[PDB]
$ cat final_18.pdb   # PDB, C-alpha atoms and all ligand atoms
ATOM      1  CA  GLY A   1      -1.786  -1.425   8.994  1.00  0.00           C
ATOM      2  CA  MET A   2      -0.498   1.309   6.713  1.00  0.00           C
ATOM      3  CA  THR A   3      -0.663   0.199   3.103  1.00  0.00           C
ATOM      4  CA  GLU A   4       2.435   0.674   0.987  1.00  0.00           C
ATOM      5  CA  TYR A   5       2.082   1.409  -2.737  1.00  0.00           C
ATOM      6  CA  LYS A   6       5.026   0.596  -5.037  1.00  0.00           C
ATOM      7  CA  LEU A   7       5.047   3.104  -7.888  1.00  0.00           C
ATOM      8  CA  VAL A   8       7.482   3.087 -10.822  1.00  0.00           C
ATOM      9  CA  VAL A   9       8.221   6.188 -12.894  1.00  0.00           C
ATOM     10  CA  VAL A  10       9.230   5.405 -16.484  1.00  0.00           C
ATOM     11  CA  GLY A  11       9.900   7.261 -19.702  1.00  0.00           C
ATOM     12  CA  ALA A  12      12.696   8.630 -21.847  1.00  0.00           C
ATOM     13  CA  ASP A  13      15.852  10.204 -20.512  1.00  0.00           C
ATOM     14  CA  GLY A  14      15.245  13.863 -19.811  1.00  0.00           C
ATOM     15  CA  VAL A  15      11.467  13.930 -19.468  1.00  0.00           C
ATOM     16  CA  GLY A  16      11.582  14.862 -15.764  1.00  0.00           C
ATOM     17  CA  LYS A  17      11.143  11.550 -13.913  1.00  0.00           C
ATOM     18  CA  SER A  18      13.622  12.548 -11.219  1.00  0.00           C
ATOM     19  CA  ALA A  19      12.320  16.105 -10.975  1.00  0.00           C
ATOM     20  CA  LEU A  20       8.762  14.823 -10.536  1.00  0.00           C
ATOM     21  CA  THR A  21       9.799  12.255  -7.928  1.00  0.00           C
ATOM     22  CA  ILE A  22      11.818  14.826  -5.993  1.00  0.00           C
ATOM     23  CA  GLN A  23       8.929  17.308  -5.985  1.00  0.00           C
ATOM     24  CA  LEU A  24       6.853  14.608  -4.344  1.00  0.00           C
ATOM     25  CA  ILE A  25       9.604  13.613  -1.865  1.00  0.00           C
ATOM     26  CA  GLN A  26      11.264  16.969  -1.078  1.00  0.00           C
ATOM     27  CA  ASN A  27       8.568  19.487  -2.077  1.00  0.00           C
ATOM     28  CA  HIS A  28      11.322  21.275  -4.027  1.00  0.00           C
ATOM     29  CA  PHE A  29      12.187  21.567  -7.718  1.00  0.00           C
ATOM     30  CA  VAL A  30      15.557  20.027  -8.488  1.00  0.00           C
ATOM     31  CA  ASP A  31      16.534  21.043 -12.004  1.00  0.00           C
ATOM     32  CA  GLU A  32      19.705  18.911 -11.973  1.00  0.00           C
ATOM     33  CA  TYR A  33      19.829  15.303 -10.806  1.00  0.00           C
ATOM     34  CA  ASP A  34      22.380  12.847 -12.206  1.00  0.00           C
ATOM     35  CA  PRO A  35      20.559  11.246 -15.150  1.00  0.00           C
ATOM     36  CA  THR A  36      22.093   7.837 -14.390  1.00  0.00           C
ATOM     37  CA  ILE A  37      20.799   7.550 -10.805  1.00  0.00           C
ATOM     38  CA  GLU A  38      18.057   4.954 -10.489  1.00  0.00           C
ATOM     39  CA  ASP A  39      16.804   4.676  -6.928  1.00  0.00           C
ATOM     40  CA  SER A  40      13.711   4.391  -4.782  1.00  0.00           C
ATOM     41  CA  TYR A  41      12.330   6.859  -2.274  1.00  0.00           C
ATOM     42  CA  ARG A  42       9.540   6.583   0.296  1.00  0.00           C
ATOM     43  CA  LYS A  43       7.090   9.143   1.636  1.00  0.00           C
ATOM     44  CA  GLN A  44       4.050   8.945   3.902  1.00  0.00           C
ATOM     45  CA  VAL A  45       1.088  10.839   2.425  1.00  0.00           C
ATOM     46  CA  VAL A  46      -2.627  11.206   3.009  1.00  0.00           C
ATOM     47  CA  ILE A  47      -4.759  10.283  -0.004  1.00  0.00           C
ATOM     48  CA  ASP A  48      -8.527  10.629   0.375  1.00  0.00           C
ATOM     49  CA  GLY A  49      -8.111  10.627   4.164  1.00  0.00           C
ATOM     50  CA  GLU A  50      -6.071   7.407   4.254  1.00  0.00           C
ATOM     51  CA  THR A  51      -2.458   7.679   5.373  1.00  0.00           C
ATOM     52  CA  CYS A  52      -0.328   5.460   3.169  1.00  0.00           C
ATOM     53  CA  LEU A  53       3.315   4.860   2.333  1.00  0.00           C
ATOM     54  CA  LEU A  54       4.502   5.507  -1.208  1.00  0.00           C
ATOM     55  CA  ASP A  55       7.623   3.732  -2.445  1.00  0.00           C
ATOM     56  CA  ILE A  56       8.668   5.410  -5.692  1.00  0.00           C
ATOM     57  CA  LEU A  57      11.174   3.858  -8.084  1.00  0.00           C
ATOM     58  CA  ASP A  58      12.630   6.588 -10.298  1.00  0.00           C
ATOM     59  CA  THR A  59      14.031   4.623 -13.224  1.00  0.00           C
ATOM     60  CA  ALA A  60      17.184   5.549 -15.103  1.00  0.00           C
ATOM     61  CA  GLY A  61      20.032   4.092 -17.086  1.00  0.00           C
ATOM     62  CA  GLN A  62      20.403   1.658 -19.915  1.00  0.00           C
ATOM     63  CA  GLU A  63      17.586  -0.236 -21.567  1.00  0.00           C
ATOM     64  CA  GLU A  64      18.107  -3.909 -20.659  1.00  0.00           C
ATOM     65  CA  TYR A  65      15.813  -6.923 -20.972  1.00  0.00           C
ATOM     66  CA  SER A  66      17.490  -9.282 -18.508  1.00  0.00           C
ATOM     67  CA  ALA A  67      15.600 -11.456 -16.053  1.00  0.00           C
ATOM     68  CA  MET A  68      17.024  -9.303 -13.258  1.00  0.00           C
ATOM     69  CA  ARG A  69      15.742  -5.988 -14.634  1.00  0.00           C
ATOM     70  CA  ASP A  70      12.352  -7.539 -15.420  1.00  0.00           C
ATOM     71  CA  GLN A  71      12.157  -8.784 -11.822  1.00  0.00           C
ATOM     72  CA  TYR A  72      12.966  -5.314 -10.490  1.00  0.00           C
ATOM     73  CA  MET A  73      10.295  -3.632 -12.604  1.00  0.00           C
ATOM     74  CA  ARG A  74       7.768  -6.365 -11.783  1.00  0.00           C
ATOM     75  CA  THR A  75       7.839  -5.198  -8.168  1.00  0.00           C
ATOM     76  CA  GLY A  76       5.883  -2.124  -9.280  1.00  0.00           C
ATOM     77  CA  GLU A  77       2.165  -2.126  -8.626  1.00  0.00           C
ATOM     78  CA  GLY A  78       1.531   0.942 -10.774  1.00  0.00           C
ATOM     79  CA  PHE A  79       3.440   2.929 -13.385  1.00  0.00           C
ATOM     80  CA  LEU A  80       3.712   6.554 -14.398  1.00  0.00           C
ATOM     81  CA  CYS A  81       4.520   6.729 -18.082  1.00  0.00           C
ATOM     82  CA  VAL A  82       6.069  10.162 -18.519  1.00  0.00           C
ATOM     83  CA  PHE A  83       6.770  12.182 -21.655  1.00  0.00           C
ATOM     84  CA  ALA A  84       7.661  15.850 -22.078  1.00  0.00           C
ATOM     85  CA  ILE A  85       5.170  18.079 -23.908  1.00  0.00           C
ATOM     86  CA  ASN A  86       7.994  19.762 -25.860  1.00  0.00           C
ATOM     87  CA  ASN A  87       9.585  16.491 -27.026  1.00  0.00           C
ATOM     88  CA  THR A  88       7.684  14.489 -29.633  1.00  0.00           C
ATOM     89  CA  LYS A  89      10.137  11.588 -29.504  1.00  0.00           C
ATOM     90  CA  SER A  90       9.455  11.044 -25.798  1.00  0.00           C
ATOM     91  CA  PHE A  91       5.736  10.805 -26.599  1.00  0.00           C
ATOM     92  CA  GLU A  92       6.347   8.377 -29.474  1.00  0.00           C
ATOM     93  CA  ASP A  93       8.332   6.222 -26.999  1.00  0.00           C
ATOM     94  CA  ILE A  94       5.319   5.786 -24.680  1.00  0.00           C
ATOM     95  CA  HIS A  95       3.832   2.795 -26.459  1.00  0.00           C
ATOM     96  CA  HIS A  96       7.107   0.900 -25.997  1.00  0.00           C
ATOM     97  CA  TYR A  97       7.140   1.548 -22.231  1.00  0.00           C
ATOM     98  CA  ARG A  98       3.504   0.502 -21.940  1.00  0.00           C
ATOM     99  CA  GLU A  99       4.153  -2.701 -23.906  1.00  0.00           C
ATOM    100  CA  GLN A 100       7.077  -3.622 -21.645  1.00  0.00           C
ATOM    101  CA  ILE A 101       4.956  -2.973 -18.541  1.00  0.00           C
ATOM    102  CA  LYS A 102       2.218  -5.264 -19.827  1.00  0.00           C
ATOM    103  CA  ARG A 103       4.815  -7.943 -20.566  1.00  0.00           C
ATOM    104  CA  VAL A 104       6.532  -7.915 -17.185  1.00  0.00           C
ATOM    105  CA  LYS A 105       3.238  -7.729 -15.273  1.00  0.00           C
ATOM    106  CA  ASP A 106       1.747 -10.349 -17.630  1.00  0.00           C
ATOM    107  CA  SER A 107      -1.467  -8.358 -17.614  1.00  0.00           C
ATOM    108  CA  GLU A 108      -3.463  -6.154 -19.959  1.00  0.00           C
ATOM    109  CA  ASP A 109      -4.800  -4.258 -16.921  1.00  0.00           C
ATOM    110  CA  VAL A 110      -1.811  -2.743 -15.114  1.00  0.00           C
ATOM    111  CA  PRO A 111      -2.493   0.415 -13.064  1.00  0.00           C
ATOM    112  CA  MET A 112      -0.977   3.241 -15.083  1.00  0.00           C
ATOM    113  CA  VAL A 113      -1.195   6.987 -15.663  1.00  0.00           C
ATOM    114  CA  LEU A 114       0.052   8.931 -18.687  1.00  0.00           C
ATOM    115  CA  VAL A 115       1.952  12.043 -17.639  1.00  0.00           C
ATOM    116  CA  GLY A 116       2.736  15.017 -19.857  1.00  0.00           C
ATOM    117  CA  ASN A 117       5.490  16.889 -18.049  1.00  0.00           C
ATOM    118  CA  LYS A 118       7.085  20.316 -18.579  1.00  0.00           C
ATOM    119  CA  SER A 119       3.651  21.955 -18.876  1.00  0.00           C
ATOM    120  CA  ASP A 120       5.162  25.243 -17.711  1.00  0.00           C
ATOM    121  CA  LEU A 121       7.094  25.615 -20.976  1.00  0.00           C
ATOM    122  CA  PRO A 122       5.705  27.472 -24.004  1.00  0.00           C
ATOM    123  CA  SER A 123       7.469  25.296 -26.618  1.00  0.00           C
ATOM    124  CA  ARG A 124       4.762  22.634 -26.893  1.00  0.00           C
ATOM    125  CA  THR A 125       5.033  20.045 -29.668  1.00  0.00           C
ATOM    126  CA  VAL A 126       2.538  17.414 -28.393  1.00  0.00           C
ATOM    127  CA  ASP A 127      -1.052  18.677 -28.400  1.00  0.00           C
ATOM    128  CA  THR A 128      -3.048  18.023 -25.239  1.00  0.00           C
ATOM    129  CA  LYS A 129      -5.726  16.445 -27.424  1.00  0.00           C
ATOM    130  CA  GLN A 130      -3.297  13.888 -28.841  1.00  0.00           C
ATOM    131  CA  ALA A 131      -2.125  12.955 -25.355  1.00  0.00           C
ATOM    132  CA  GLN A 132      -5.677  12.780 -23.985  1.00  0.00           C
ATOM    133  CA  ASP A 133      -6.597  10.555 -26.914  1.00  0.00           C
ATOM    134  CA  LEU A 134      -3.656   8.210 -26.290  1.00  0.00           C
ATOM    135  CA  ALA A 135      -4.747   7.853 -22.663  1.00  0.00           C
ATOM    136  CA  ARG A 136      -8.244   7.156 -23.949  1.00  0.00           C
ATOM    137  CA  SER A 137      -6.931   4.469 -26.300  1.00  0.00           C
ATOM    138  CA  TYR A 138      -5.320   2.785 -23.284  1.00  0.00           C
ATOM    139  CA  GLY A 139      -8.242   3.423 -20.957  1.00  0.00           C
ATOM    140  CA  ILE A 140      -6.076   5.256 -18.414  1.00  0.00           C
ATOM    141  CA  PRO A 141      -5.904   8.734 -16.882  1.00  0.00           C
ATOM    142  CA  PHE A 142      -3.828  11.541 -18.347  1.00  0.00           C
ATOM    143  CA  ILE A 143      -2.317  14.191 -16.076  1.00  0.00           C
ATOM    144  CA  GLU A 144      -0.522  17.359 -17.135  1.00  0.00           C
ATOM    145  CA  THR A 145       2.410  18.107 -14.863  1.00  0.00           C
ATOM    146  CA  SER A 146       5.234  20.532 -14.253  1.00  0.00           C
ATOM    147  CA  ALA A 147       7.991  19.491 -11.877  1.00  0.00           C
ATOM    148  CA  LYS A 148       9.146  23.111 -12.003  1.00  0.00           C
ATOM    149  CA  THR A 149       5.939  24.623 -10.595  1.00  0.00           C
ATOM    150  CA  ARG A 150       4.500  21.465  -8.932  1.00  0.00           C
ATOM    151  CA  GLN A 151       1.487  21.468 -11.265  1.00  0.00           C
ATOM    152  CA  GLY A 152      -0.147  18.040 -11.279  1.00  0.00           C
ATOM    153  CA  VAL A 153       2.451  16.260  -9.099  1.00  0.00           C
ATOM    154  CA  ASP A 154       0.075  14.998  -6.428  1.00  0.00           C
ATOM    155  CA  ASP A 155      -2.569  14.460  -9.112  1.00  0.00           C
ATOM    156  CA  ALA A 156      -0.232  12.102 -11.004  1.00  0.00           C
ATOM    157  CA  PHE A 157       0.966  10.012  -8.043  1.00  0.00           C
ATOM    158  CA  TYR A 158      -2.341  10.056  -6.165  1.00  0.00           C
ATOM    159  CA  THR A 159      -4.318   9.087  -9.268  1.00  0.00           C
ATOM    160  CA  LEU A 160      -1.961   6.158  -9.749  1.00  0.00           C
ATOM    161  CA  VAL A 161      -2.614   5.081  -6.135  1.00  0.00           C
ATOM    162  CA  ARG A 162      -6.353   5.302  -6.830  1.00  0.00           C
ATOM    163  CA  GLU A 163      -5.848   3.129  -9.920  1.00  0.00           C
ATOM    164  CA  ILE A 164      -3.935   0.547  -7.854  1.00  0.00           C
ATOM    165  CA  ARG A 165      -6.725   0.530  -5.275  1.00  0.00           C
ATOM    166  CA  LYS A 166      -9.351   0.042  -7.993  1.00  0.00           C
ATOM    167  CA  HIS A 167      -7.387  -2.880  -9.441  1.00  0.00           C
ATOM    168  CA  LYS A 168      -6.891  -4.503  -6.022  1.00  0.00           C
ATOM    169  CA  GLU A 169     -10.641  -4.230  -5.369  1.00  0.00           C
ATOM    170  CA  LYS A 170     -11.705  -6.076  -8.549  1.00  0.00           C
TER     171      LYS A 170
HETATM  172  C1  LIG B 201      11.743   3.649 -26.116  1.00  0.00           C
HETATM  173  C2  LIG B 201      12.969   2.783 -26.295  1.00  0.00           C
HETATM  174  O1  LIG B 201      14.082   3.302 -25.509  1.00  0.00           O
HETATM  175  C3  LIG B 201      14.174   2.965 -24.200  1.00  0.00           C
HETATM  176  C4  LIG B 201      15.241   3.529 -23.499  1.00  0.00           C
HETATM  177  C5  LIG B 201      15.298   3.182 -22.167  1.00  0.00           C
HETATM  178  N1  LIG B 201      14.421   2.366 -21.574  1.00  0.00           N
HETATM  179  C6  LIG B 201      13.452   1.863 -22.370  1.00  0.00           C
HETATM  180  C7  LIG B 201      12.541   1.034 -21.590  1.00  0.00           C
HETATM  181  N2  LIG B 201      11.557   0.357 -22.122  1.00  0.00           N
HETATM  182  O2  LIG B 201      10.940  -0.261 -20.995  1.00  0.00           O
HETATM  183  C8  LIG B 201      11.659   0.142 -19.945  1.00  0.00           C
HETATM  184  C9  LIG B 201      11.269  -0.301 -18.570  1.00  0.00           C
HETATM  185  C10 LIG B 201      12.166   0.407 -17.547  1.00  0.00           C
HETATM  186  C11 LIG B 201       9.784   0.104 -18.368  1.00  0.00           C
HETATM  187  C12 LIG B 201       9.069  -0.673 -17.275  1.00  0.00           C
HETATM  188  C13 LIG B 201       9.026  -2.138 -17.623  1.00  0.00           C
HETATM  189  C14 LIG B 201      10.408  -2.592 -17.986  1.00  0.00           C
HETATM  190  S1  LIG B 201      10.868  -4.275 -17.928  1.00  0.00           S
HETATM  191  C15 LIG B 201      12.465  -3.898 -18.461  1.00  0.00           C
HETATM  192  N3  LIG B 201      13.402  -4.877 -18.614  1.00  0.00           N
HETATM  193  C16 LIG B 201      12.610  -2.539 -18.680  1.00  0.00           C
HETATM  194  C17 LIG B 201      13.851  -2.014 -19.144  1.00  0.00           C
HETATM  195  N4  LIG B 201      14.864  -1.665 -19.547  1.00  0.00           N
HETATM  196  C18 LIG B 201      11.413  -1.793 -18.420  1.00  0.00           C
HETATM  197  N5  LIG B 201      12.629   0.930 -20.225  1.00  0.00           N
HETATM  198  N6  LIG B 201      13.275   2.152 -23.664  1.00  0.00           N
HETATM  199  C19 LIG B 201      13.496   2.791 -27.731  1.00  0.00           C
HETATM  200  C20 LIG B 201      12.654   2.009 -28.738  1.00  0.00           C
HETATM  201  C21 LIG B 201      13.153   0.610 -28.625  1.00  0.00           C
HETATM  202  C22 LIG B 201      14.634   0.787 -28.517  1.00  0.00           C
HETATM  203  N7  LIG B 201      14.851   2.117 -27.846  1.00  0.00           N
HETATM  204  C23 LIG B 201      15.937   2.930 -28.475  1.00  0.00           C
HETATM  205  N1  LIG B 202      10.883  23.623 -17.424  1.00  0.00           N
HETATM  206  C1  LIG B 202      10.930  22.361 -16.921  1.00  0.00           C
HETATM  207  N2  LIG B 202      12.075  21.673 -16.916  1.00  0.00           N
HETATM  208  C2  LIG B 202      11.944  20.463 -16.343  1.00  0.00           C
HETATM  209  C3  LIG B 202      10.813  19.897 -15.788  1.00  0.00           C
HETATM  210  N3  LIG B 202      11.103  18.636 -15.282  1.00  0.00           N
HETATM  211  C4  LIG B 202      12.373  18.466 -15.538  1.00  0.00           C
HETATM  212  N4  LIG B 202      12.945  19.534 -16.183  1.00  0.00           N
HETATM  213  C5  LIG B 202      14.292  19.581 -16.759  1.00  0.00           C
HETATM  214  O1  LIG B 202      14.412  18.508 -17.668  1.00  0.00           O
HETATM  215  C6  LIG B 202      15.729  17.929 -17.604  1.00  0.00           C
HETATM  216  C7  LIG B 202      15.654  16.466 -17.242  1.00  0.00           C
HETATM  217  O2  LIG B 202      15.046  16.290 -15.941  1.00  0.00           O
HETATM  218  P1  LIG B 202      15.313  14.981 -15.097  1.00  0.00           P
HETATM  219  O3  LIG B 202      14.545  15.070 -13.859  1.00  0.00           O
HETATM  220  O4  LIG B 202      16.765  14.717 -15.022  1.00  0.00           O
HETATM  221  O5  LIG B 202      14.697  13.854 -16.059  1.00  0.00           O
HETATM  222  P2  LIG B 202      14.860  12.263 -16.071  1.00  0.00           P
HETATM  223  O6  LIG B 202      16.038  11.929 -16.952  1.00  0.00           O
HETATM  224  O7  LIG B 202      13.533  11.824 -16.663  1.00  0.00           O
HETATM  225  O8  LIG B 202      15.024  11.853 -14.620  1.00  0.00           O
HETATM  226  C8  LIG B 202      16.513  18.808 -16.632  1.00  0.00           C
HETATM  227  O9  LIG B 202      17.225  19.819 -17.338  1.00  0.00           O
HETATM  228  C9  LIG B 202      15.407  19.383 -15.747  1.00  0.00           C
HETATM  229  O10 LIG B 202      15.730  20.626 -15.145  1.00  0.00           O
HETATM  230  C10 LIG B 202       9.599  20.630 -15.826  1.00  0.00           C
HETATM  231  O11 LIG B 202       8.494  20.261 -15.443  1.00  0.00           O
HETATM  232  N5  LIG B 202       9.755  21.867 -16.414  1.00  0.00           N
HETATM  233 MG    MG B 203      16.494  10.843 -13.612  1.00  0.00          MG
END

$ encode --input "final_18.pdb" --output "structure tokens" --more "lines below"
Ligand SMILES: C[C@H](Oc1ccnc(-c2noc([C@@]3(C)CCCc4sc(N)c(C#N)c43)n2)n1)[C@@H]1CCC[N@H+]1C
Ligand SMILES: Nc1nc2c(ncn2[C@@H]2O[C@H](COP(=O)(O)OP(=O)(O)O)[C@@H](O)[C@H]2O)c(=O)[nH]1
Ligand SMILES: [Mg+2]
Amino acid sequence: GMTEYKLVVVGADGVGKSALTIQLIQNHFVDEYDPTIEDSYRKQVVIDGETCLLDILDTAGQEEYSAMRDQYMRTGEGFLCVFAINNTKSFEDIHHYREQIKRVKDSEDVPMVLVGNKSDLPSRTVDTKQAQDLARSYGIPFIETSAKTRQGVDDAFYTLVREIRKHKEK
């Protein structure tokens, strides 16, 4: 049967979670998508020759640590932790998102990719080296993306699928 991969996109308001998700789903840059909409979206894709079904949860809205929200996030098999390369605060938030993922998955080994979005913009404030080194501290991949130009979009989601596969095979 066709394997389905449940991917969750997390990170600060405004980093481009929805834009990245919609590039994957629609193959179009959407520069405006209601920042409060949290929803999931499926797409069939071929990854290393295997046709699979991606189910992407684009997170949004208020921070809340209820049993219900934990349960919803726990359905994710892998997580994209997204910051914007022109927003230092969004990068400094990453460790909090990673810590909450570890907690809800009750695992130190959750499939995860660090994503530096908005790579098309010249106003960089987070060095690539610092981001690469954070990914190295966590032992996870780092992908540079632009939802505007589609740079890195497949790389981010497909790498996360590969990380889920690796984890399932252990
Ligand atoms: C960086 C923070 O800000 C925000 C703002 C919005 N969201 C968060 C946030 N952290 O983790 C999560 C997710 C969605 C991630 C996946 C796993 C779980 S499990 C659960 N219950 C979740 C929730 N709500 C989450 N989201 N953090 C700073 C610093 C602390 C206070 N704050 C001002
Ligand atoms: N230049 C540029 N703008 C982006 C990119 N991704 C998102 N944006 C803009 O960043 C803002 C927030 O994007 P959005 O997808 O709503 O982020 P979310 O809150 O993380 O879902 C909007 O003004 C988008 O047009 C990108 O890669 N490049
Ligand atoms: Mg959004």

$ residues_near_ligand --input "final_18.pdb" --ligand "ligand LIG 202 (chain B)" --cutoff "6 Å" --atoms "only C-alpha atoms and all ligand atoms" --output "list in words"
residues 13, 14, 15, 16, 17, 18, 19, 31, 32, 33, 35, 117, 118, 120, 121, 146, 147 and 148 of chain A

$ residues_around --input "final_18.pdb" --residues "residue 141 in chain A" --least-positions-apart "3" --cutoff "12 Å" --atoms "only C-alpha atoms" --output "PyMOL selection string"
chain A and resi 79-81+111-116+131-138+144+155-163

$ closest_residue --input "final_18.pdb" --among "A:90, A:98, A:66, A:168" --to "residue 126 in chain A" --atoms "only C-alpha atoms"
A:90

$ residues_near_ligand --input "final_18.pdb" --ligand "ligand LIG 201 (chain B)" --cutoff "8 Å" --atoms "all atoms listed in the file" --output "MDAnalysis selection string"
chainID A and resid 8 10:13 59:74 79 90 92:104

$ resolve_selection --input "final_18.pdb" --expression "the PyMOL selection byres (((chain A and resi 50) around 12) and not hetatm)" --output "number ranges by chain"
A: 1-4, 44-49, 51-53, 158, 161-162, 165

$ closest_residue --input "final_18.pdb" --among "A:26, A:123, A:36, A:151" --to "ligand MG 203 (chain B)" --atoms "all atoms listed in the file"
A:36

$ closest_residue --input "final_18.pdb" --among "A:27, A:119, A:40, A:87" --to "ligand MG 203 (chain B)" --atoms "all atoms listed in the file"
A:40

$ residues_around --input "final_18.pdb" --residues "residue 76 in chain A" --least-positions-apart "4" --cutoff "9 Å" --atoms "all atoms listed in the file" --output "JSON, numbers by chain"
{"A": [5, 6, 7, 8, 56, 57, 72, 105]}

$ atom_distance --input "final_18.pdb" --atom1 "CA of residue 150 in chain A" --atom2 "CA of residue 130 in chain A"
22.7 Å

$ closest_residue --input "final_18.pdb" --among "A:38, A:29, A:23, A:129" --to "ligand MG 203 (chain B)" --atoms "all atoms listed in the file"
A:38

$ atom_distance --input "final_18.pdb" --atom1 "CA of residue 152 in chain A" --atom2 "CA of residue 89 in chain A"
21.9 Å

$ atom_distance --input "final_18.pdb" --atom1 "CA of residue 86 in chain A" --atom2 "CA of residue 9 in chain A"
18.8 Å

$ closest_residue --input "final_18.pdb" --among "A:85, A:153, A:164, A:20" --to "ligand MG 203 (chain B)" --atoms "only C-alpha atoms and all ligand atoms"
A:20

$ decode --input "final_18.pdb" --residues "range 111-124 of chain A" --atoms "N, CA, C and O atoms" --output "tab-separated table (two decimals), in the first residue's frame"
chain	number	residue	atom	x	y	z
A	111	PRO	N	12.13	12.53	14.15
A	111	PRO	CA	12.50	13.03	12.82
A	111	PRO	C	12.19	14.51	12.70
A	111	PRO	O	11.08	14.96	12.96
A	112	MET	N	13.18	15.28	12.22
A	112	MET	CA	13.10	16.73	12.27
A	112	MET	C	14.13	17.32	11.33
A	112	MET	O	15.24	16.82	11.22
A	113	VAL	N	13.74	18.42	10.69
A	113	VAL	CA	14.62	19.20	9.83
A	113	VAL	C	14.52	20.67	10.22
A	113	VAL	O	13.43	21.18	10.47
A	114	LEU	N	15.67	21.34	10.32
A	114	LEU	CA	15.72	22.78	10.54
A	114	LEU	C	15.64	23.48	9.20
A	114	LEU	O	16.39	23.16	8.29
A	115	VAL	N	14.75	24.46	9.09
A	115	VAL	CA	14.50	25.16	7.85
A	115	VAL	C	14.71	26.64	8.05
A	115	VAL	O	14.01	27.27	8.86
A	116	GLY	N	15.61	27.21	7.26
A	116	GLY	CA	15.84	28.64	7.20
A	116	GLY	C	15.16	29.22	5.97
A	116	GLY	O	15.66	29.06	4.85
A	117	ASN	N	14.00	29.83	6.16
A	117	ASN	CA	13.19	30.33	5.07
A	117	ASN	C	13.49	31.80	4.77
A	117	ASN	O	14.13	32.51	5.54
A	118	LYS	N	12.95	32.26	3.64
A	118	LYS	CA	13.13	33.61	3.12
A	118	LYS	C	14.53	33.82	2.57
A	118	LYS	O	15.07	34.92	2.60
A	119	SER	N	15.15	32.76	2.04
A	119	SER	CA	16.51	32.83	1.54
A	119	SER	C	16.66	33.70	0.31
A	119	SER	O	17.79	33.98	-0.10
A	120	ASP	N	15.56	34.11	-0.29
A	120	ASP	CA	15.60	35.03	-1.42
A	120	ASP	C	15.87	36.47	-1.00
A	120	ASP	O	16.19	37.32	-1.84
A	121	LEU	N	15.71	36.79	0.30
A	121	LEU	CA	15.83	38.17	0.73
A	121	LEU	C	17.27	38.52	1.07
A	121	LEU	O	18.02	37.70	1.61
A	122	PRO	N	17.66	39.78	0.81
A	122	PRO	CA	19.04	40.20	1.09
A	122	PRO	C	19.29	40.60	2.54
A	122	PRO	O	20.46	40.75	2.92
A	123	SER	N	18.25	40.74	3.35
A	123	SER	CA	18.36	41.34	4.69
A	123	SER	C	18.67	40.31	5.77
A	123	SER	O	18.05	40.29	6.84
A	124	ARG	N	19.66	39.45	5.52
A	124	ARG	CA	19.95	38.34	6.41
A	124	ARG	C	20.45	38.84	7.76
A	124	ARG	O	21.28	39.75	7.84
